[PDB]
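As structure tokens, the next two blocks hold two forms of the same chain, structure 1 and structure 2.
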Structure 1
């Protein structure tokens, strides 16, 4: 290196200079004091190692930040039933951070209200809305899309898809237009969250002609839109969702992400889109360490979820938040999902401080083993009635009927619990604590452990914005440390990691 200097061997000061990512670091050894650092040099103590000013903006894909209009290559993933609440979106968006409104499970009127509120607060973004695939209820998907289009909601996080549907195709294609120069403008942005290559492929490739044609025919998109749709991917960003809270197939981040990046390279080479497809990732990200790891694999951006439910902005009860602050990595497990209960799908939930997973598991065993509720041995039937429902199955069924084969009846009854248990947690239903269904992964325990001993120990002091900052600033910090280490600098262990001190 070409520099020399004439500052500093003061350990506390070493920490301060290292942590200022807005300034370059010039490193000196000598003897003693034996590692020194300066923030200015000149083209006579020469310089042994260097780190440039590289901050949070240096992580991830700059195009992600440009396209979404955000300060970080980060987003807070949707959380069902308004858990990713209006307050959450607004707080994050006010900070220049992307967040997906948790539309899943909410009624249309509720979603409309959220749109209005969010748009009032964030007239020029950033924000996204969750569009969840609803296999059983196509009309509902159509409805959400119409709403989004009606209000010019420009960004959607598409999740739980098994491939394309006419509704997501419609959203995508309806946003396309030509600029003065004749180039395609992609007005409706899509972030497709996936865990399989088969589905990723569908979103990385253009929409099919036949679906497009029907949309033209139905008067939903224009001929040119149909044409344009054939030359742009179905999503701008692909979120690889590894092992995570909620619905998940438990794939390792370190294998999923690389696999999807491989796929990306393949598709990009084949289509040569003018704007390259981006691949980001989530699932397991609760620390600076994990955040950096994910960027380091080639993630365009990172996604958090579990840690955000723990924050004061989230639509989750005080009880629940409090409990989330104590939840360790061993305190989560797989349990039956209300959605696709019948096929045995499971989701990752909290199992300490609640009996939900045991109870859900019981409902599945019973559902699968009996023909009808009548076949359930008056025996365990009565314990269910006592411990789970707190009312005869018949009475549950009556309520259900007012909310409007025997196997189907049994499911409908059981889904009362599977469904309401999530609501109970979200709203804080008193006396129903032991039945709270609370979605979370190992990310949360990771976070908690990382934060132990800090101000973050108090659930009341957890703000989504702050968490984002820690992950991003921490990652950036640790990137600098790696750079110096790579060069043979002896950074003291106590400075090697970003910890929450303030």
Structure 2
């Protein structure tokens, strides 16, 4: 046919054909039901996991895969998880969000002790109201030389994130060296533009004025982008817009090309993608869409290294595709913001949505007493007044009727995640567990495997998705050439 080869009698056994196919190190010569490593009808080259993604991403972050495990709040993306993945040459971002500085600093030491030469990243979340908490974290990272952050939840540039970026700039031949790297996670084009563009001169100038950065650093900062890597986050667990991966990522890739042509950075900007990736199929499709790297995910909270209770991790292994839903978010409850949570084996969603329903419909906690009793009785397990007293002790504390109601309600929204993380007994039906459909897709893919179990390791999962993607790229390639592959061999299974 199209091929310049011949072979002498190959292998004709399905379990010899299956084994040879899964070897991505050796090329495949297919003869019409025979595989070898007289004529040749189909051919598949030797393409491993390294043919997926942007090689520059791997080079720059010193990682073995174009893959990174996204941050998970309140230390769910824990030190154990980061160290486990870091030791395998896989990038993971530490879930610093919601943790106190002393806690985060502790993590920096452990992690840096375990991984002197990387790789790891730290999540730098945007605190729009508490601007100092953001400053403390940047200072903490600069002090301990944390040279990679995943910046997320940003709506615009802030002096702190610009400061972090600019401070890591230096010269070698006079070429610019980007010491501090930024992965900006976005779902909107407006925000992505600001991270693909050089830092604004106005903010730069201010930092030079305060002796935070040098003049040559201000000069350098105008010639390089704010972020090296841009993660388009599609529909996902926790906070999300629920945007489609297949529309979002292409929009951001186009945006990238536009800005790259304009500023013509020496090192190109890279766009990766996360959101809904729990199987090799999806992983491969995302790569072929143009993604430099792929991001997970809900599947990582289900692993043993994660900072989630045993009850929760066990529950996540049974969660299916339709077992997730949207529920009021604690921090942006009044504004109607929602996040994606598990709704199976937990009643938090129903109860949290009830609070929002009650909050929007009624003027004060002084609400029908038939309705009020149920809340105190089942949800809060205390008088609304008893709950209020404790909120005051925690804390914005009185003039407004609706604002008071919200603060009491937020007691449940806030705690509910803490219960799931720590494993608070007797509050299981109230666990707030963030997850997306990706987890259910993974559980479906993994059904009837060792992974049905305590047997779930983040490194193993990464390896499957990466190897699975590479294998299925080969299968697709062969199918495209009219070769008939046994249905049982077309997909990567965990076995």
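Residue numbers count along the first chain shown, from 1. We call the rigid core the largest set of C-alpha positions that still match within 1.5 Å between the two forms.
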| item | value |
| --- | --- |
| Entry of 211, 114, 90, 366 that shows, once the rigid core is matched between structure 1 and structure 2, a C-alpha shift of 2 Å or more | 366 |
| C-alpha of residue 279 off by 2 Å or more between structure 1 and structure 2 on rigid core | no |
| C-alpha of residue 410 moved at least 2 Å between structure 1 and structure 2 on rigid core | yes |
| For residue 396, CA displacement between structure 1 and structure 2 after the core is overlaid, in Å | 1.8 |
| Shift in Å of the residue 382 Cα between structure 1 and structure 2 [rigid core superposition] | 2.2 |
